[PDB]
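Step one of this worksheet: look at the structure below.
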Amino acid sequence: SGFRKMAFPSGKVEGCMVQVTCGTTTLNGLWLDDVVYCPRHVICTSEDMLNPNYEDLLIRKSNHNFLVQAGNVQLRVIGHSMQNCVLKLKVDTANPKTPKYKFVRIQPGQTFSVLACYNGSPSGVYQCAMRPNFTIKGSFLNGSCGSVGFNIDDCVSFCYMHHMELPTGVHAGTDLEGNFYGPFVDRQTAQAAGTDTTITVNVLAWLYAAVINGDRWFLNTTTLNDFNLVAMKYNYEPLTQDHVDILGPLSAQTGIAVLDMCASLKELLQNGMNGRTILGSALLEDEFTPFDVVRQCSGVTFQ
Amino acid sequence: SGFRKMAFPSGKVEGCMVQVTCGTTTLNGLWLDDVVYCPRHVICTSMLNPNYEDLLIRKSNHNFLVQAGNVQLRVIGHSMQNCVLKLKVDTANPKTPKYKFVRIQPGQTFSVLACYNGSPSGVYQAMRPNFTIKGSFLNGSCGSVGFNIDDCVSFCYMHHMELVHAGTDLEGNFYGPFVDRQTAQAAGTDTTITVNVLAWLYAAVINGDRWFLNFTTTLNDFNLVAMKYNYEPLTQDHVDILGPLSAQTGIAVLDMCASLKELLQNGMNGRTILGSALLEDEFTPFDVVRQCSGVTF
Ligand SMILES: *C(=O)c1ncc(Br)cc1OCc1ccc(C)c([N+](=O)[O-])c1
Ligand SMILES: *C(=O)c1ncc(Br)cc1OCc1ccc(C)c([N+](=O)[O-])c1
């Protein structure tokens, strides 16, 4: 019993963290096979971050300006290229600890674990959602750049690399091909993350988790259009039939129809929680996918 | 920027998890050097009232199947220490980290690697004042362990029972009044970890949330209110442990107690602090500094 924000076991990713140094700039890199991946702004000086011309900046750089550390052993860089916003440093040594892995670009509302890292060494692990506005709400300090986000299915699916801490304390970065999530660019100018919304299908998954664990008081019908008319008023993501189908297997195991749970949530939005808690939270939680809930509640393991 | 309930990196512990079977029962064990550690109720059948030394007498070494991955370990000795079984095996675990066994104190925090059938499921981050923990354990998780890291793993917890959750240190000594038998058992009234909530408010101020800043008070004055609200009383040791946070934020500990007293007596008014609509007590002062200063391992 119980329900917690659970992160994936992080061992397979710990063995892939390295420390990447270019000039005086030092951040984290990801060492898979004979390639190291890090944010391309590792080549930026103090003044260069304000308006970098990365192509011109990287032309001023040869292989020997890139110093890669893995624990103690230096790696020889024998090739460098830029792919979108990530630098790729080919090294002469395949990582012996390379897990089976894939590169993945997730969708708003999906979750993953971040291994927060400084100087190439793991500091901590926690779970995150890709917000609808393509930011993430995490714990990133200067130096955390290059930490990665991942899911595990024995195969590690890397989905996020950390690139930047914005004003308002929001966080942004790229997939592992270097394509930013959201409108952001790797330039130190003020950058607007637009209006966020609440991940509706996730809140519903979490109410199911609440029922599975004996937390039932909010159980109490409505329609998809009626619910969408309420949800839009409270800045909730609209609920599509696809989302109802993703909640199917929770509906089965819990014996509560998707539409009935929407009725319960509609009531919760219009009246708040009156000081009650759900799963020990005083707010409605939207960073659990339906997959997350079934995973935790059916004890899925990895190796 | 930002603040998250953050677990330790779990790699060194992952390498130590094995599956332990005795009869029909299978749960998790911890494999360090040539010794496997697991809850002694692995030997219990369908436990309403077990006599452990009598039940363990009917067991020989070959009655315990220990599997690390696809590899079967050979069991060459077995002994009971308090409520954990210690299975001696013929092979030292190659992946043994530098480690210690420690008994944490109520209010201290740690990470749990939830495990089933010897394989890692997930990691999350307090030992309640009433010696329970509020976790996520399904049937089969028993044997999963709690730990802090310093390159040294401080093993502090082993999971034994879903009542809420309860278990032992790594010498098999239960935290709290519990015993490993399937009778209904009462934990004490649970109370809020006052020094931790304060640490958390310091972290709030560090990240820009200051709306609750307000007045001052006295340790006895505050303690009188903490008592009313089921808070653990604040001692000078607590105040001293919050010292370094007081320096960074420039808010005196006793000034922070006054705001907390206001929050206790006024509620939160529908506002939030670090994204939570409740007061949060599962961050130690150590945790706040580790996260806010990026300590690594
Ligand atoms: C990011 O965490 C980071 N780590 C280490 C270094 Br040396 C530099 C880092 O980023 C600095 C930074 C600051 C602001 C902005 C907007 C960016 N960026 O252009 O993305 C980078
Ligand atoms: C605990 O999680 C567990 N895992 C696997 C098995 Br085969 C058995 C397990 O514990 C069952 C159990 C149930 C209730 C009680 C009170 C105890 N206990 O005596 O501690 C154990």
Side-chain angles (χ1 to χ4, degrees), chain A residues 5 7 27-28 38-41 49 84-86 103-117 123-151 157-167 169 171-203 205-206 231 234 236-238 283-289 292, chain B residues 1-6 203-204 206-209 272-277 291-292 294:
Chain A
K5 205 142 255 164
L27 45 62
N28 303 289
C38 70
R40 68 171 179 175
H41 68 62
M49 212 62 251
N84 297 306
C85 295
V86 294
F103 284 171
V104 158
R105 181 176 178 94
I106 53 154
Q107 298 297 306
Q110 292 188 269
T111 50
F112 55 85
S113 318
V114 169
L115 181 70
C117 272
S123 184
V125 61
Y126 58 86
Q127 185 88 337
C128 272
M130 184 57 70
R131 304 302 313 163
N133 69 356
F134 292 101
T135 59
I136 70 185
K137 301 174 164 299
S139 189
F140 289 105
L141 299 163
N142 180 61
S144 66
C145 276
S147 318
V148 301
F150 62 99
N151 288 92
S157 278
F158 296 101
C159 62
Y160 175 84
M161 175 163 274
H162 176 66
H163 276 244
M164 147 194 51
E165 299 101 50
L166 292 165
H171 308 117
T174 76
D175 61 32
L176 267 292
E177 293 174 303
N179 297 297
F180 261 91
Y181 290 108
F184 312 109
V185 295
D186 46 354
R187 154 149 201 241
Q188 195 197 122
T189 56
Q191 295 188 61
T195 316
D196 205 21
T197 59
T198 301
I199 310 168
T200 306
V201 71
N202 281 20
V203 173
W206 171 76
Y234 296 84
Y236 268 51
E237 277 296 309
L283 312 158
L284 300 170
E285 262 291 318
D286 77 348
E287 304 222 337
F288 294 107
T289 71
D292 283 354
Chain B
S1 42
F3 205 72
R4 276 307 190 113
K5 222 168 290 188
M6 186 160 341
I206 285 187
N207 276 281
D209 299 46
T272 54
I273 289 162
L274 292 167
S276 170
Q291 164 153 196
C292 286

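Side chains are part of it too, since the values below use all heavy atoms of this structure and drop only hydrogens, waters and symmetry mates. Letters A, B, ... are given to chains in the order of the sequence lines, protein chains preceding strands, and every chain is numbered from 1.
Seen from the ring of A:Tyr181, A:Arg131 does not count as a face-on cation partner, given the 6.0 Å and 45° thresholds.
Between A:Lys137 and A:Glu287 there is no salt bridge, since none of the side-chain N atoms of the basic residue sits less than 4.0 Å from a carboxylate O of the acidic one.
Atom OG of A:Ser157 sits about 7.0 Å away from atom CG of A:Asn151, to the nearest 0.5 Å. A:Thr174 OG1 to A:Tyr160 OH: the interatomic distance, rounded to the nearest 0.5 Å, is 8.0 Å. Here the SG atom belonging to A:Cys159 is positioned 4.5 Å from the CD1 atom belonging to A:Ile106, to the nearest 0.5 angstrom.
Counting heavy atoms from C-beta outward, A:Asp186 and A:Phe180 have side chains that approach closer than 4.5 Å. Side-chain contact between A:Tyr234 and A:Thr198 is absent, with no heavy atoms from C-beta onward closer than 4.5 Å. The closest side-chain heavy-atom distance from A:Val114 to B:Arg4 is not below 4.5 Å. Within the 4.5 Å cutoff, no side-chain heavy atoms of A:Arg40 are placed close to those of A:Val86.
Listed here is the closest heavy atom pair of A:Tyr236 and A:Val203: CE2-CG2, 4.0 Å.
A:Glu165 and B:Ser1 share no side-chain donor-acceptor pair at under 3.5 Å.
Ring geometry, A:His41 versus A:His163: the interplanar angle exceeds 60°, so the pair is classed perpendicular (tilted spans 30 to 60°). Between A:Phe140 and A:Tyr126, the ring planes lie perpendicular to each other; the angle is over 60°, past the 30° to 60° tilted range.
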